[PDB]
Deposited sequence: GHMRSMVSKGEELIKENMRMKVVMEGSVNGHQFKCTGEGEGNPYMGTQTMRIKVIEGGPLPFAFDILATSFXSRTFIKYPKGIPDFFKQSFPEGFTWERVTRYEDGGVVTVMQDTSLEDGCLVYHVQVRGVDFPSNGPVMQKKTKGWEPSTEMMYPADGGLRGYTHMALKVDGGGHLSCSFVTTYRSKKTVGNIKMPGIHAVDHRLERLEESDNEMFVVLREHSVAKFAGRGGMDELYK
C-alpha cells in the first residue's frame, strides 16, 4: 500500500520565537509500523537560534506510530491525501507556541510543511537562555472529535540545575481525505520518547529520534 515498511520524510519549518525569524529543513526515515523514525535537521535561516531548539523539536510526524490492529490508525488511513495538525503549546512562566502543519505524500516521500509562532518566553528564562536539556517521555491522550482527533499532552522540558518547565499541548488532527473512508478510533493513548542527539555546539545541526506506540486508555 502507500505507507510502506520503510518511509522517508522531508520537512520545511518557518517561523519566529520572541520575534526571532528562522527556517529549518529536515530529512529522515523510519518504520511507520514499528513507530520508529530519525531525522537530520539544519537551521538554514536565522541561525544560530537565540532560543532552545527543544521548543521546535516536537513540531518536526504522526504517520510513524505503532498502532495495534484493534485501534484504528487515523493517520495511515488518511493517505494518499494526508492530514493536517494545529497545536497550541502553553509553557510554565509564559511562552505560547502556535503551530500549523501539513502532511502530504509526494512520489512515495512524506512531505511536511510547518509554521511556528512562539511569543512571551521570559527574556532570562531557560528557553531564551538556551539552558534546556530535552523532553521527558510523555503520553498523548487521543480523543475522537467531529471526524478528526484531539490530542492532549502534558510534557516536561528538562532545564539546567535539575528542574522542569511544565507545558501543555492541545492538537487538532484533521484528515484531508476527500474520497474514501476512515475508520475512527476510540479514546487511546500514544506513548512518545523524543530524543535529540548528534547536536552541533550551537544546535545548527540536530538529529531527532522518536519512538511512538499507541495503547488503550
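- Stretches of the deposited sequence absent from the structure, as judged by C-alpha coordinates, are 1 to 11, 72, 230 to 239.
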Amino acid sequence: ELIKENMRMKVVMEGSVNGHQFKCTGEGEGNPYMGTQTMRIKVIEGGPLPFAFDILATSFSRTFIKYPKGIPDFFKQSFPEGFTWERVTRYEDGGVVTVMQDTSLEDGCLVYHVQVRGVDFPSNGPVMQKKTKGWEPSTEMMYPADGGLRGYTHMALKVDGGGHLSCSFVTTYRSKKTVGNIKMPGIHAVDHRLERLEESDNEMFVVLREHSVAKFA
From here on, numbers count along this sequence of modelled residues.
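- In this crystal structure, the stretch out of 162 to 170 and 33 to 41 whose C-alpha atoms carry the higher mean B factor is 162 to 170.
- Stretches compared: 187 to 195, 153 to 161. Higher mean C-alpha B-factor in the entry: 153 to 161.
- Set against one another, the Cα B-factors of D93, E81, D73, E140 in the record reach their highest point at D93.
- By the numbers in the PDB entry, the CA B factor is greatest at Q129 among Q77, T103, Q115, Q129.
- When all modelled residues of the chain are sorted by CA temperature factor, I182 is found within the lowest third.
- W135 sits in the middle third of its chain by CA B factor, as recorded in the PDB entry.
- Ranked within its chain, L49 lands in the highest third, by CA B factor from the PDB record.
- Compared with the other modelled residues of the chain, the Cα B-factor recorded for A217 ranks in the highest third.
- Among the modelled residues of its chain, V119 has a C-alpha B-factor that falls in the highest third according to the deposited record.
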